């Protein structure tokens, strides 16, 4: 057993080793191991991506116009965000400018994804870490109604409703077919909601499971289908026709009416169901404002997103701010440049990849994806990992760093960046939110904080959906219908050799695609994805990533039941297919 110091942590692999494989209520495949000391406190944390597909390899030799369709399939949870990054990257390489309505529609696509993804994460992925579903069976329906009505104007709050929900759960469990509730952590002492709050939460789980299907109808209108809508290089394929013959073959007034109806319902659900539930989880779990801080008080990163001026990716255009904080210095938000080779680099000394020199980090334009399964001594075999060896290579996830710093990305990161750049709406929202909880600002830098920021982002995005729709309708009133630029559609119009970067803020954090085009085909295509940052393994300096750091120093009540580990990991919304691509 060894011990070393990094980022204010003592990494100590003495003591009992705990394995959680598989991590569930995530997308894709993850393994986590920790060591706990005699006080059942985590002294070592090991983040492991247990899948790889190799989209960066598959994309070589493809037509750049096709690339979005391939990379969209990096992930069906954050569906569309890779298509957006791709069309951005190819447009940036070739020098394509899209029409305003294409840009607006793309921002609608992204905001719709934020709303949908954040809502499903809150209920279906993270929720059962905080709601004791089985405890709901002990709730009083009238007391449940009273609680719900004290927290929200949401209509669906009758005692009879809560009784009906409870009775449905009772009949579901009675025969012993507990399905997704089988062998859960129910009764764990870290479950702190009263029974009425569990019944309210569970009811909302079911409402959200129903309601989420409606949100993506926006993607269906503009993008054909969800999951995995369609896009083009040069804008979007959803041609508009309001007032001419054949409007039946295009986005017309009836189609836009559908979109508006979805937007309103989406805002209503998020504002009156998800937001109150998030605050209620805060109220009953305040100690989790001091657990899982990890890198969120040291190093956070946003690239920024939602350019409001078409084809302008600058600071005055992006509605969601970009910037980096390092060394806990939130008074100096630094500018990010994705072309600068000294900024974003990926290391593979602790990952299953070959580099000519594994002691140096490679900017994505110099990226290499050469898979090498080499787990070394894992107390078993190459085909039977009993204990990863975190002193060597232990993951299919590359290790991204920014100026050599290990960074946290995602909703909390973005909230902190916007807050410290002085975004008025963010400042006001955060201050009000932490006031309502009777917690200091610092309480946001936590596992609880990640959940609160995610919910507040769902609300932000629902608001932006309306703003974007209004901008679209304004253009249509002014007779501006264009949805595609085709000046540079034909390969004969492209530079023989060019490269570009497409970036955005996906639901989980900062996303970049780096593409190099040569002779009409993709020569290089490298992706660095938010969960790649967060779930990162260590670097040559032994610096730990956001997940490992957040798990460090965490108390477990019951080592055999990893509820605290699940809470912190789920708070980051892990997407492992994204992380590995």
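Numbering follows the first chain given and starts at 1.
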### Query
Which wins on mean Cα temperature factor, 268-276 or 378-386?
378-386
## Note on the structure
Stretch with higher mean Cα temperature factor, 408-416 vs 136-144, is 136-144
### Summary
Per the deposited B-factor column, the C-alpha that peaks among 507, 502, 234, 287 belongs to 287
#### Entry: Out of 307, 229, 422, 249, residue topping the C-alpha B-factor column of the entry
422
#### Entry: For residue 16, the third of its chain into which the C-alpha B factor falls
highest
### Message
Please place residue 563 in the lowest, middle or highest third of its chain according to the CA B-factor in the PDB entry.
### Response
middle
### Query
Mind checking which third residue 556 falls in for C-alpha B-factor across the chain?
highest
#### Entry: B-factor third for the C-alpha atom of residue 491 within its chain
middle
### Query
residue 548: which third of its chain by C-alpha temperature factor?
middle
